[PDB]
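Below you'll find the structure, written out as structure tokens, and then a few comments.
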Amino acid sequence: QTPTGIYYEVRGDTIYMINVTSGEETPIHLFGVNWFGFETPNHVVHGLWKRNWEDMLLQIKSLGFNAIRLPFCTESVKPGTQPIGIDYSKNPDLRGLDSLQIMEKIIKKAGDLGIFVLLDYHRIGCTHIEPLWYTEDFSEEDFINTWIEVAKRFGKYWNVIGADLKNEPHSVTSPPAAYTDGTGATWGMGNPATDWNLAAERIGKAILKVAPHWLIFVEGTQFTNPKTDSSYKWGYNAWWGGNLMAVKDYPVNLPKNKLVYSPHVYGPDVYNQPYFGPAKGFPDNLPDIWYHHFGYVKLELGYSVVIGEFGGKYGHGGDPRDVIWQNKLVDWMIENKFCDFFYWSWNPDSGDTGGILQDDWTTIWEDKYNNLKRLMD
């Protein structure tokens with residue numbers, strides 16, 4: 001049932017942490033941040049050229065976060081991969097360590113601070129998010145085996161809550177083509193080699209055989225199938241990882257008490273969506289859009305929904321409607337009790353969203369954080 005003594009499960013739509021010996025159960029909320037870098041050519045979380053890694057985790061904790069989503073790529077989780085872009089004078093305890101050992105040290109320190117860690121297989125290579133969970137040189141079996149290896153190693157850390165199976169399944173062509181051309185993910189189209197709802201079952205089952213105490217976080221696709229996407233006016237304008245419209249008729253066939261649906265949702269800094277125009281009713285039109293793309297998965301179907309990424313520059317060098325967008329999204333999360341999320345990102349070096357930290361890697365954006373701090377309380 002668990003190698004750590006801790007078992008994570010969904011009851012109703014709320015995540016619980018269960019101590020299996022004592023029987024004790026506590027509902028947890030994830031107030032999270034993404035700290036990226038393990039999925040990149042750096043092979044390490046970013047910012048260690050300016051900061052000490054432990055000081056970073058203390059800063060994250062000081063702001064009330066209790067969860068980190070940790071993106072990784074295949075190479076960072078293999079022994080011997082060398083990280084790039086570390087200041088060793090600021091990080092002397094990291095001299096000699098390869099990418100995997102720094103991942104371990106960061107997870108163990110997070111657990112010491114009571115911070116839960118969600119592992120996110122973000123990229124198969126270390127350059128960009130592939131639309132599918134395999135490539136010409138890296139098969140679905142290779143993807144699964146890598147998850148199995150990750151789950152064997154990191155399932156022994158009590159604070160790791162589970163596996164976000166593949167970051168942002170999406171399409172690289174337009175519909176109606178994208179449904180059949182084999183280049184992108186689908187959901188409910190029928191082909192198990194493209195249908196993320198079938199692939200998530202295959203990958204999730206394998207993980208749960210080796211880490212039965214983990215949760216399985218399953219993101220949306222960008223497009224699903226034509227009947228579902230055509231059923232809603234904004235059905236073709238969901239984000240990568242953000243279309244969960246096919247959950248109702250095509251649910252992932254995994255145990256409900258182990259499954260979390262994890263949509264990504266963004267504002268005008270990422271893409272100038274037509275519904276971000278006032279001409280189309282922004283921002284008061286957003287609760288219905290969110291509700292259709294993903295929110296009904298909790299509010300109508302009662303599954304656990306954790307927002308895996310959301311963020312934006314909040315008016316600092318980007319589109320100033322982002323301020324209105326983030327405020328409205330937090331208002332809606334508070335009203336609808338979506339209390340579990342991971343902000344994108346802690347890092348400032350995200351080109352279309354910036355981060356909680358400013359470009360000095362030290363000072364936070366006070367306004368952007370003050371809005372987020374409303375979800376925390």
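Values in this text are rule-based calculations from the coordinates and carry no lab data. All Cβ positions, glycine included, derive from the backbone under ideal geometry; neighbour counts span all protein chains shown.
Quick check on region 94-108. Is at least one of its residues β-branched (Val, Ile, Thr) and under 25 Å from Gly351 (Cβ atoms)?
Yes, some residue in region 94-108 is β-branched (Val, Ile, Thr) and under 25 Å from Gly351 (Cβ atoms).
Please specify each residue of region 127-146 satisfying the condition of being farther than 18 Å from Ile216 by Cα, under 17 Å from the mean Cα position of the chain (by Cα) and touching a residue at least 12 places away in the same chain (Cβ under 8 Å).
Passing the criteria: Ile129, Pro131.
Looking at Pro131, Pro175, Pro169, can you tell me which residue is over 18 Å from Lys78 (Cβ atoms), surrounded by 13 or more Cβ atoms within 10 Å (Cβ to Cβ), touching a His at 6+ places or on another chain (Cβ under 7 Å) and not polar (S, T, N, Q)? Spell out the reasoning first.
Numbers: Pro175 fails: touching a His at 6+ places or on another chain (Cβ under 7 Å); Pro169 fails: touching a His at 6+ places or on another chain (Cβ under 7 Å).
Of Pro131, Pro175, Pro169, the one residue that is over 18 Å from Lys78 (Cβ atoms), surrounded by 13 or more Cβ atoms within 10 Å (Cβ to Cβ), touching a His at 6+ places or on another chain (Cβ under 7 Å) and not polar (S, T, N, Q) is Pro131.
Which of the residues that make up region 114-138 are assigned to a strand (DSSP E or B) and hydroxyl-bearing (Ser, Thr, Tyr)?
Those that are assigned to a strand (DSSP E or B) and hydroxyl-bearing (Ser, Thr, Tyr): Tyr121, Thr135.
Counting only residues that are in contact with a helix residue (DSSP H, G or I) (Cβ under 8 Å, 6 or more places away or on another chain) and part of a loop (DSSP other than H, G, I, E, B), which one in region 66-79 is surrounded by the most Cβ atoms within 10 Å (Cβ to Cβ)? So that I can check it myself, show each step before the final result.
Residues of region 66-79 that are in contact with a helix residue (DSSP H, G or I) (Cβ under 8 Å, 6 or more places away or on another chain), as a first pass: 68, 70, 72, 74-79.
Next, from what is left, pick out any that are part of a loop (DSSP other than H, G, I, E, B): 78-79.
Values: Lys78: 14, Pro79: 8.
Among those residues, the one meeting the criterion is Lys78.
Of all the helices (runs of 4 or more DSSP H) wholly in region 219-299, which have at least 3 residues that are surrounded by 16 or more Cβ atoms within 10 Å (Cβ to Cβ) and not polar (S, T, N, Q)? Break it down into steps so the answer makes sense when it comes.
Working: elements: 226-229, 286-290, 296-299.
Because the criterion is at least 3 residues that are surrounded by 16 or more Cβ atoms within 10 Å (Cβ to Cβ) and not polar (S, T, N, Q), the helices (runs of 4 or more DSSP H) in region 219-299 that meet it are 286-290, 296-299.
Where residues in region 154-203 are acidic (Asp, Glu) and in a loop (DSSP other than H, G, I, E, B), which of them is farthest from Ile18 (Cα to Cα)? It would help to see each step written out before you state the result.
First, the residues of region 154-203 that are acidic (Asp, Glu): 164, 168, 181, 195, 201.
Narrowing further to those that are in a loop (DSSP other than H, G, I, E, B): 168, 181.
Details: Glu168: 29, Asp181: 44 Å.
Looking at the filtered set, the residue picked out is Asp181.
Looking for whichever is within 27 Å of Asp229 (Cα to Cα) and touching a helix residue (DSSP H, G or I) at 6+ places or on another chain (Cβ under 7 Å) here; the options are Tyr303, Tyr296, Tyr314. Which one fits?
Going through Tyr303, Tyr296, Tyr314 in turn, the sole match is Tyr303.
When region 326-377 is examined, which residues are found to be under 22 Å from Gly47 (Cβ atoms), assigned to a helix (DSSP H, G or I), touching a residue at least 24 places away in the same chain (Cβ under 8 Å) and not aliphatic (A, V, I, L, M)?
Once the filter is applied, which keeps residues that are under 22 Å from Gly47 (Cβ atoms), assigned to a helix (DSSP H, G or I), touching a residue at least 24 places away in the same chain (Cβ under 8 Å) and not aliphatic (A, V, I, L, M), region 326-377 yields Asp367, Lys368, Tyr369, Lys373.
Considering only region 172-192, how many residues are within 18 Å of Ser139 (Cα to Cα), among the polar types (S, T, N, Q) and under 24 Å from the mean Cα position of the chain (by Cα)?
The total comes to 2.
When the residues of region 80-105 are filtered to those that are part of a loop (DSSP other than H, G, I, E, B) and of a type in the set (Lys, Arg), which remaining residue is surrounded by the fewest Cβ atoms within 10 Å (Cβ to Cβ)?
It comes out as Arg95.
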